[PDB]
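A lone chain, given as structure tokens: the form deposited in one PDB entry.
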């Protein structure tokens, strides 16, 4: 049906926009602290602490499968990245502080993404 096609074209375009957002977020992490999953072989107790691990590579995989239906879903995953980090790592660490900085800088990116998504429909 043409209506199905139109809905698929919208999802594709959202996926495009969310790719640009993901690339911008990742540019705010030059150290690549959040680029890849935490090593379950190297913080061996990680999954006792954190029930829903998240990272940018995992988000890129979901995005390439057109797995985000709306901006809220994508934001949820970015917030997991941040929140998991702030729980596991103490306030005095480079890790906790890198999460705070990313949240602050990424909030700007996500605020404009919300205006574009709303505006474009």
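Positions refer to the first chain, counted from 1.
Another form exists, deposited with a small molecule bound; not displayed. Remarks below refer to it.
Residue contact check for residue 56: none of its heavy atoms lie within 4.5 Å of the small molecule in the deposited complex. Contact annotation: residue 47 falls outside 4.5 Å of the small molecule in the deposited complex, judged by heavy atom distances.
Using a 4.5 Å cutoff between non-hydrogen atoms, residue 34 counts as a contact of the small molecule in the deposited complex. For the chain shown alone, residue 89 is a contact residue for the small molecule in the deposited complex, at least one non-hydrogen atom being within 4.5 angstroms.
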